[PDB]
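File shown: coords.cif (mmCIF, C-alpha atoms).
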data_run
loop_
_atom_site.label_atom_id
_atom_site.label_comp_id
_atom_site.auth_asym_id
_atom_site.auth_seq_id
_atom_site.Cartn_x
_atom_site.Cartn_y
_atom_site.Cartn_z
CA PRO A 1 -8.87 25.37 11.65
CA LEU A 2 -11.73 23.70 9.78
CA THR A 3 -15.26 25.06 10.16
CA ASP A 4 -16.28 21.55 9.15
CA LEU A 5 -14.33 18.57 10.50
CA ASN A 6 -15.89 16.43 7.74
CA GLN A 7 -13.27 18.13 5.49
CA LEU A 8 -10.53 16.45 7.51
CA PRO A 9 -7.88 14.69 5.41
CA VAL A 10 -7.41 10.98 6.10
CA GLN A 11 -4.32 9.09 4.89
CA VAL A 12 -5.60 6.11 2.86
CA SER A 13 -3.47 3.41 1.15
CA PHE A 14 -4.40 0.95 -1.58
CA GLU A 15 -2.36 -2.15 -1.03
CA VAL A 16 -2.01 -4.36 -4.11
CA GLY A 17 0.34 -6.93 -2.57
CA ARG A 18 2.23 -8.19 0.50
CA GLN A 19 5.31 -10.41 0.64
CA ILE A 20 7.80 -11.78 3.13
CA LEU A 21 11.28 -11.05 1.78
CA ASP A 22 14.48 -12.00 3.59
CA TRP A 23 17.27 -9.48 4.04
CA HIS A 24 19.38 -11.00 1.27
CA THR A 25 16.54 -10.68 -1.25
CA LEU A 26 15.75 -7.07 -0.21
CA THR A 27 19.38 -6.20 -0.38
CA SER A 28 19.82 -7.42 -3.93
CA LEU A 29 16.95 -5.25 -5.21
CA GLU A 30 18.01 -2.52 -7.64
CA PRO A 31 16.42 -0.08 -10.08
CA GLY A 32 15.22 -2.47 -12.80
CA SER A 33 14.50 -5.48 -10.56
CA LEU A 34 11.15 -7.16 -11.22
CA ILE A 35 9.04 -8.40 -8.33
CA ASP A 36 6.31 -10.85 -9.29
CA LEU A 37 3.24 -10.39 -7.08
CA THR A 38 1.90 -13.59 -8.71
CA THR A 39 -1.70 -12.40 -8.42
CA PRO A 40 -4.19 -11.46 -11.18
CA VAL A 41 -3.96 -8.12 -13.02
CA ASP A 42 -7.53 -7.20 -12.07
CA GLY A 43 -6.47 -7.90 -8.52
CA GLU A 44 -7.68 -7.50 -4.95
CA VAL A 45 -6.88 -4.28 -3.11
CA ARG A 46 -6.87 -3.69 0.62
CA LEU A 47 -7.98 -0.17 1.55
CA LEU A 48 -6.01 1.07 4.51
CA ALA A 49 -6.37 4.24 6.58
CA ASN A 50 -3.26 5.02 8.60
CA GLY A 51 -2.05 1.46 8.02
CA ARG A 52 -5.33 -0.06 9.19
CA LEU A 53 -7.82 -2.17 7.18
CA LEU A 54 -10.98 -0.38 5.93
CA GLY A 55 -12.23 -2.74 3.24
CA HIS A 56 -11.39 -4.57 0.02
CA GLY A 57 -11.71 -3.56 -3.58
CA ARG A 58 -10.80 -4.64 -7.08
CA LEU A 59 -8.54 -2.77 -9.48
CA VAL A 60 -10.30 -1.62 -12.63
CA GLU A 61 -9.13 0.34 -15.66
CA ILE A 62 -10.96 3.40 -16.94
CA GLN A 63 -9.58 5.05 -20.06
CA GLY A 64 -5.96 4.28 -19.20
CA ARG A 65 -6.53 5.51 -15.65
CA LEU A 66 -6.40 3.04 -12.80
CA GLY A 67 -9.20 2.79 -10.30
CA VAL A 68 -10.66 0.54 -7.62
CA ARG A 69 -14.23 -0.64 -7.12
CA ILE A 70 -15.07 -1.14 -3.45
CA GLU A 71 -16.39 -4.63 -2.76
CA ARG A 72 -16.73 -4.87 1.00
CA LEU A 73 -16.11 -2.60 3.96
CA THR A 74 -15.24 -3.41 7.57
CA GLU A 75 -15.66 -1.40 10.74
CA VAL A 76 -12.46 0.14 12.08
CA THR A 77 -11.41 2.87 14.53
CA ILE A 78 -9.59 5.79 12.90
CA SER A 79 -7.40 8.19 14.90
CA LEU A 80 -7.55 11.84 14.00
CA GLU A 81 -5.44 14.76 15.22
CA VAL A 82 -7.37 18.02 15.04
CA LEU A 83 -6.10 21.57 15.39
CA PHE A 84 -8.28 23.68 17.64
CA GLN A 85 -8.42 27.21 16.22
CA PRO B 1 16.50 -21.25 14.78
CA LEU B 2 17.91 -18.33 12.76
CA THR B 3 21.70 -18.13 12.89
CA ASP B 4 22.09 -16.19 9.65
CA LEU B 5 20.65 -12.68 10.07
CA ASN B 6 20.66 -12.30 6.26
CA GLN B 7 17.69 -14.66 6.31
CA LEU B 8 15.58 -12.61 8.75
CA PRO B 9 12.06 -12.05 7.38
CA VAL B 10 10.87 -8.57 6.35
CA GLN B 11 7.20 -7.85 5.65
CA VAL B 12 7.09 -5.88 2.41
CA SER B 13 3.88 -4.32 1.12
CA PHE B 14 3.11 -2.62 -2.21
CA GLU B 15 0.83 0.40 -2.41
CA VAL B 16 -0.61 2.38 -5.31
CA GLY B 17 -2.48 5.62 -5.71
CA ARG B 18 -3.40 8.69 -3.71
CA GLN B 19 -2.98 8.86 0.02
CA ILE B 20 -5.69 11.41 0.90
CA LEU B 21 -9.48 11.16 1.13
CA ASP B 22 -11.50 13.55 3.28
CA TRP B 23 -14.09 12.21 5.73
CA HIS B 24 -17.10 13.07 3.55
CA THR B 25 -15.52 10.79 0.94
CA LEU B 26 -14.71 7.91 3.35
CA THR B 27 -18.10 7.98 5.04
CA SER B 28 -19.87 7.93 1.65
CA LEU B 29 -18.00 4.77 0.58
CA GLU B 30 -20.09 1.65 0.01
CA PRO B 31 -19.88 -1.51 -2.14
CA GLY B 32 -19.92 -0.38 -5.77
CA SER B 33 -18.17 2.93 -5.02
CA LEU B 34 -15.43 3.84 -7.51
CA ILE B 35 -12.26 5.62 -6.55
CA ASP B 36 -9.88 7.23 -8.94
CA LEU B 37 -6.36 6.51 -7.61
CA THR B 38 -4.93 9.62 -9.31
CA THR B 39 -2.38 7.59 -11.31
CA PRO B 40 -2.17 5.99 -14.77
CA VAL B 41 -2.71 2.23 -15.24
CA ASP B 42 1.00 1.70 -14.55
CA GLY B 43 1.66 4.45 -12.01
CA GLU B 44 3.55 4.86 -8.76
CA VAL B 45 3.96 1.88 -6.45
CA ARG B 46 5.44 2.54 -3.01
CA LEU B 47 7.33 -0.28 -1.34
CA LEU B 48 6.97 -0.36 2.41
CA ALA B 49 9.16 -2.54 4.65
CA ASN B 50 7.34 -3.05 7.93
CA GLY B 51 5.27 0.07 7.10
CA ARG B 52 8.20 2.42 6.35
CA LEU B 53 8.95 3.69 2.84
CA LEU B 54 11.60 1.52 1.17
CA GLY B 55 11.28 2.60 -2.45
CA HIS B 56 9.21 3.33 -5.53
CA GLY B 57 8.24 1.27 -8.55
CA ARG B 58 5.76 0.83 -11.38
CA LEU B 59 2.88 -1.62 -11.79
CA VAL B 60 3.45 -3.94 -14.74
CA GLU B 61 1.41 -6.85 -16.13
CA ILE B 62 3.66 -9.81 -16.90
CA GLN B 63 1.68 -12.55 -18.63
CA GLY B 64 -1.69 -11.81 -17.06
CA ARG B 65 -0.09 -11.40 -13.64
CA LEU B 66 0.57 -8.26 -11.62
CA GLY B 67 4.16 -7.29 -10.93
CA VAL B 68 6.26 -4.39 -9.72
CA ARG B 69 9.32 -3.04 -11.51
CA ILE B 70 11.69 -1.23 -9.16
CA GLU B 71 12.68 2.30 -10.14
CA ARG B 72 14.25 3.75 -7.04
CA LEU B 73 15.20 2.77 -3.50
CA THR B 74 15.26 4.90 -0.49
CA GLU B 75 17.45 4.67 2.60
CA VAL B 76 15.53 3.54 5.66
CA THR B 77 15.98 1.92 9.06
CA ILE B 78 14.21 -1.40 9.39
CA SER B 79 13.50 -2.95 12.76
CA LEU B 80 14.23 -6.67 12.90
CA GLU B 81 14.03 -9.26 15.68
CA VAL B 82 15.99 -12.46 16.22
CA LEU B 83 15.63 -15.27 18.72
CA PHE B 84 19.08 -15.86 20.23
CA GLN B 85 19.94 -19.50 21.10
#
Target format structure tokens, applied to this file:
Amino acid sequence: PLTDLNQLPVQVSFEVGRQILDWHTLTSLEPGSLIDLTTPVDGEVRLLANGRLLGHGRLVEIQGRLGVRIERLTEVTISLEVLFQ
Amino acid sequence: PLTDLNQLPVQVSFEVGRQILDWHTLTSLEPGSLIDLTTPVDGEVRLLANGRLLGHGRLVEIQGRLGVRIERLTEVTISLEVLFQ
């Protein structure tokens, strides 16, 4: 139990791409296959929390480490499961 | 009028970086905020098929464009829907 619920861990994804693939395409994927996202290398990023949209950001590079700069945020209702002592 | 199930669409998404921010961190987010994704500039990409983990890959930059090179595929049950005629 957390004395402070603000410490609660939220699952957050950074989505760099989305594509509709048909079963045949999926099925012919293998280690080594290259998927072209077709979008810029300093690309848009959707921030998701539990699969739901939180805002948008832009990939940036910092000393060989990848990061994201937040550009906009949106309001959204996050579900949390909390353990009572 | 889909009569070949091998052509059924699947929504694939590509995700990079950590999957956990606490609430202090999410509530402090604003435009301009920077987030370290806890991965190198290449780094882990997760492939999701309709939101379920389908495999893992690496971000690559092919000719100024973002791509994903597949490294591994995981077994998973995908839910599809067809209109019978």
Can you superpose chain A onto chain B by least squares over all C-alpha atoms paired in order and give the moved copy as a PDB file with C-alpha atoms, in the coordinates of the input?
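The resulting file, part.pdb, is reproduced below:
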ATOM      1  CA  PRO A   1      15.575 -19.546  15.788  1.00  0.00           C
ATOM      2  CA  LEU A   2      17.235 -18.919  12.425  1.00  0.00           C
ATOM      3  CA  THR A   3      20.730 -20.269  11.783  1.00  0.00           C
ATOM      4  CA  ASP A   4      20.885 -17.491   9.206  1.00  0.00           C
ATOM      5  CA  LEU A   5      19.365 -14.095  10.018  1.00  0.00           C
ATOM      6  CA  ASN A   6      19.434 -13.286   6.280  1.00  0.00           C
ATOM      7  CA  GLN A   7      16.312 -15.532   6.141  1.00  0.00           C
ATOM      8  CA  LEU A   8      14.481 -13.023   8.324  1.00  0.00           C
ATOM      9  CA  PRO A   9      11.040 -12.022   7.024  1.00  0.00           C
ATOM     10  CA  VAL A  10      10.518  -8.307   6.401  1.00  0.00           C
ATOM     11  CA  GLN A  11       7.028  -6.816   5.973  1.00  0.00           C
ATOM     12  CA  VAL A  12       7.057  -4.934   2.642  1.00  0.00           C
ATOM     13  CA  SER A  13       4.151  -2.953   1.097  1.00  0.00           C
ATOM     14  CA  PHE A  14       3.629  -1.794  -2.474  1.00  0.00           C
ATOM     15  CA  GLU A  15       1.688   1.413  -2.333  1.00  0.00           C
ATOM     16  CA  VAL A  16      -0.113   2.296  -5.569  1.00  0.00           C
ATOM     17  CA  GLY A  17      -1.877   5.415  -4.280  1.00  0.00           C
ATOM     18  CA  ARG A  18      -2.465   7.879  -1.423  1.00  0.00           C
ATOM     19  CA  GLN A  19      -5.428  10.190  -0.859  1.00  0.00           C
ATOM     20  CA  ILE A  20      -6.808  12.576   1.725  1.00  0.00           C
ATOM     21  CA  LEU A  21     -10.442  11.627   2.325  1.00  0.00           C
ATOM     22  CA  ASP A  22     -12.702  13.414   4.799  1.00  0.00           C
ATOM     23  CA  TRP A  23     -14.792  11.456   7.275  1.00  0.00           C
ATOM     24  CA  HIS A  24     -17.992  11.943   5.286  1.00  0.00           C
ATOM     25  CA  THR A  25     -16.413  10.489   2.138  1.00  0.00           C
ATOM     26  CA  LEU A  26     -14.904   7.506   4.025  1.00  0.00           C
ATOM     27  CA  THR A  27     -18.178   6.889   5.718  1.00  0.00           C
ATOM     28  CA  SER A  28     -20.152   6.686   2.501  1.00  0.00           C
ATOM     29  CA  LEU A  29     -17.850   4.000   1.062  1.00  0.00           C
ATOM     30  CA  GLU A  30     -19.527   0.628   0.512  1.00  0.00           C
ATOM     31  CA  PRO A  31     -18.833  -2.662  -1.257  1.00  0.00           C
ATOM     32  CA  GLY A  32     -19.099  -1.583  -4.905  1.00  0.00           C
ATOM     33  CA  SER A  33     -17.837   1.998  -4.476  1.00  0.00           C
ATOM     34  CA  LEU A  34     -15.240   3.063  -7.045  1.00  0.00           C
ATOM     35  CA  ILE A  35     -12.271   5.166  -5.991  1.00  0.00           C
ATOM     36  CA  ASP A  36     -10.437   6.868  -8.839  1.00  0.00           C
ATOM     37  CA  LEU A  37      -6.702   7.078  -8.110  1.00  0.00           C
ATOM     38  CA  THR A  38      -6.479   9.312 -11.217  1.00  0.00           C
ATOM     39  CA  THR A  39      -2.974   8.078 -12.026  1.00  0.00           C
ATOM     40  CA  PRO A  40      -1.747   5.986 -14.996  1.00  0.00           C
ATOM     41  CA  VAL A  41      -2.367   2.220 -15.173  1.00  0.00           C
ATOM     42  CA  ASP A  42       1.352   1.490 -15.524  1.00  0.00           C
ATOM     43  CA  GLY A  43       1.770   3.565 -12.404  1.00  0.00           C
ATOM     44  CA  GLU A  44       4.367   4.478  -9.797  1.00  0.00           C
ATOM     45  CA  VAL A  45       4.721   2.270  -6.733  1.00  0.00           C
ATOM     46  CA  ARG A  46       6.296   3.153  -3.416  1.00  0.00           C
ATOM     47  CA  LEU A  47       8.041   0.188  -1.787  1.00  0.00           C
ATOM     48  CA  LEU A  48       7.590   0.313   1.949  1.00  0.00           C
ATOM     49  CA  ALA A  49       9.085  -1.842   4.704  1.00  0.00           C
ATOM     50  CA  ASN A  50       7.168  -1.574   7.962  1.00  0.00           C
ATOM     51  CA  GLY A  51       5.472   1.568   6.650  1.00  0.00           C
ATOM     52  CA  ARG A  52       8.770   3.190   5.687  1.00  0.00           C
ATOM     53  CA  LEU A  53       9.992   4.195   2.196  1.00  0.00           C
ATOM     54  CA  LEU A  54      12.530   1.850   0.518  1.00  0.00           C
ATOM     55  CA  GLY A  55      12.325   2.910  -3.115  1.00  0.00           C
ATOM     56  CA  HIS A  56      10.061   3.423  -6.121  1.00  0.00           C
ATOM     57  CA  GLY A  57       8.983   1.094  -8.859  1.00  0.00           C
ATOM     58  CA  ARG A  58       6.618   0.814 -11.787  1.00  0.00           C
ATOM     59  CA  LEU A  59       3.778  -1.671 -12.136  1.00  0.00           C
ATOM     60  CA  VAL A  60       4.204  -4.056 -15.047  1.00  0.00           C
ATOM     61  CA  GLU A  61       2.105  -6.940 -16.337  1.00  0.00           C
ATOM     62  CA  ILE A  62       3.553 -10.375 -17.011  1.00  0.00           C
ATOM     63  CA  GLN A  63       1.194 -12.994 -18.405  1.00  0.00           C
ATOM     64  CA  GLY A  64      -1.816 -11.706 -16.477  1.00  0.00           C
ATOM     65  CA  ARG A  65       0.277 -11.522 -13.311  1.00  0.00           C
ATOM     66  CA  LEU A  66       1.072  -8.147 -11.821  1.00  0.00           C
ATOM     67  CA  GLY A  67       4.607  -7.154 -11.006  1.00  0.00           C
ATOM     68  CA  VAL A  68       6.797  -4.156 -10.234  1.00  0.00           C
ATOM     69  CA  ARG A  69      10.120  -3.123 -11.745  1.00  0.00           C
ATOM     70  CA  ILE A  70      12.330  -1.317  -9.240  1.00  0.00           C
ATOM     71  CA  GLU A  71      13.454   2.072 -10.525  1.00  0.00           C
ATOM     72  CA  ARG A  72      15.274   3.707  -7.640  1.00  0.00           C
ATOM     73  CA  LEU A  73      16.152   2.790  -4.078  1.00  0.00           C
ATOM     74  CA  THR A  74      16.756   4.976  -1.028  1.00  0.00           C
ATOM     75  CA  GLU A  75      18.636   4.307   2.178  1.00  0.00           C
ATOM     76  CA  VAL A  76      16.438   3.620   5.195  1.00  0.00           C
ATOM     77  CA  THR A  77      16.765   2.114   8.686  1.00  0.00           C
ATOM     78  CA  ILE A  78      14.745  -1.075   9.185  1.00  0.00           C
ATOM     79  CA  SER A  79      13.820  -2.371  12.652  1.00  0.00           C
ATOM     80  CA  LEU A  80      13.960  -6.089  13.212  1.00  0.00           C
ATOM     81  CA  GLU A  81      12.842  -8.168  16.195  1.00  0.00           C
ATOM     82  CA  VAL A  82      14.851 -11.374  16.466  1.00  0.00           C
ATOM     83  CA  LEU A  83      14.203 -14.424  18.614  1.00  0.00           C
ATOM     84  CA  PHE A  84      17.315 -15.658  20.365  1.00  0.00           C
ATOM     85  CA  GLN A  85      17.221 -19.463  20.453  1.00  0.00           C
TER      86      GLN A  85
END
Check your understanding: Could you name the residues that touch segment 16-26 of chain A at 8 Å or less, counting only C-alpha atoms, but leaving out those on the same chain fewer than 3 positions away, as a ChimeraX atom specification?
Key -> /A:29,37,43-46 /B:5-16
Starting from the displayed file, determine the output of the PyMOL selection byres ((chain B and resi 67-83) around 6) and express the residue list as a short mmCIF file (atom, residue, chain, number, x, y, z; two decimals) with C-alpha atoms, in the coordinates of the input.
data_model
loop_
_atom_site.label_atom_id
_atom_site.label_comp_id
_atom_site.auth_asym_id
_atom_site.auth_seq_id
_atom_site.Cartn_x
_atom_site.Cartn_y
_atom_site.Cartn_z
CA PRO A 31 16.42 -0.08 -10.08
CA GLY A 32 15.22 -2.47 -12.80
CA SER A 33 14.50 -5.48 -10.56
CA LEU A 34 11.15 -7.16 -11.22
CA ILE A 35 9.04 -8.40 -8.33
CA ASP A 36 6.31 -10.85 -9.29
CA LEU A 37 3.24 -10.39 -7.08
CA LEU B 54 11.60 1.52 1.17
CA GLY B 55 11.28 2.60 -2.45
CA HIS B 56 9.21 3.33 -5.53
CA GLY B 57 8.24 1.27 -8.55
CA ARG B 58 5.76 0.83 -11.38
CA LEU B 59 2.88 -1.62 -11.79
CA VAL B 60 3.45 -3.94 -14.74
CA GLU B 61 1.41 -6.85 -16.13
CA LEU B 66 0.57 -8.26 -11.62
CA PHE B 84 19.08 -15.86 20.23
#
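The space between atom CA of residue 53 of chain A and atom CA of residue 50 of chain B spans 15.2 Å.
Across the model, the gap from atom CA of residue 64 of chain A to atom CA of residue 40 of chain B is 6.1 Å.
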Check your understanding: atom CA of residue 48 of chain B to atom CA of residue 42 of chain A: how many Å, to one decimal?
Key -> 21.6 Å
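In terms of minimum interatomic distance to chain A, B:65 ranks closest within B:65, B:52, B:3, B:27, counting only C-alpha atoms.
Distance check against chain B using only C-alpha atoms: of A:49, A:28, A:39, A:2, the minimum falls on A:39.
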